[PDB]
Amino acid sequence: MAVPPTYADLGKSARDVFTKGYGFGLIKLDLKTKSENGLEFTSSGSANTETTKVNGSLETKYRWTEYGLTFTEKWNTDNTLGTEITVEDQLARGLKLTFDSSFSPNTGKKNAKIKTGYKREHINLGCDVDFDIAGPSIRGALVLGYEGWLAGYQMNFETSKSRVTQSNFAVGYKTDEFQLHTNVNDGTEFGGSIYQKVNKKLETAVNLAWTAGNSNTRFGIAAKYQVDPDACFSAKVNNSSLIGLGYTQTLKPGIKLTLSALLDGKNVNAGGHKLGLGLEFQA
């Protein structure tokens, strides 16, 4: 509440308006269970309708909610295997540690990662270490909160070149109905976003982005309307002349279908246009 988001979550809501309810050029099959604690499973399959390729993935998650633990296993069709242990609020509220392993038999390459984060009123800090080989590399991030305002920094240091490779600032204002976010990456990429929860059923988002030193500017408008509690529409435009339409319907409890289309002006329907379909099963 007074506890700020993490750095990566700055601007999340507006990003969400743009991305959720769309899956252009994919058929997506998703299958989830829930458990407040104990076992949880998510399995996913995805067909790229341009390439014919069919990906698949399974995640398994036990939550020992008593000791703030979460163990998670990951597998996909690329053969990549993964494990992830997480402790939260355990030695101190709200501290968070995470070990994370990856093994690809498909190269014999492995990867390991520690992610630390500390969180309290006004502050949200994280340090992340990537024992890549050609790593390590270290991402640190801090965000401060002051009566609705937010400011933060995020850097990454790669020990192989022994240099900062990434330096990112962001400042913004965040209430529950309203959100401003701005940021520049590497003193080079400018972005900003406004998010408005206009009423119970409508959300809107504007996104700007441009580059020093190029006089061009990119923007998109986007929205999401919650028609009844079983239907949800999403529309978005950008100044590259792309339209994005997304409808999501609950057919029955646990089952949501979402159709989506992506259109290029001024060739509508003149030339070829991405469609997508997605089916989500909750059990």
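Start at 1 and count along the sequence shown; that's the residue number.
The question of which stretch, 144 to 152 or 69 to 77, has the higher mean Cα B factor is settled in favour of 69 to 77. The deposited model assigns a higher average Cα B-factor to 57 to 65 than to the other stretch when 57 to 65 and 233 to 241 are compared. Note on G220, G246, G38, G45: the highest value goes to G38, judged by CA B factor as recorded. Reading the B-factor column for the CA atoms of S13, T19, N269, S260 in the entry, the top value corresponds to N269. The deposited CA B-factor of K34 belongs to the highest third of values across its chain.
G172 sits in the lowest third of its chain by CA B factor, as recorded in the PDB entry. Annotation for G117: C-alpha temperature factor in the lowest third relative to the rest of the modelled chain, per the entry. When the modelled residues of the chain are ordered by their C-alpha B factor, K28 lands in the middle third.
Compared with the other modelled residues of the chain, the Cα B-factor recorded for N185 ranks in the middle third.
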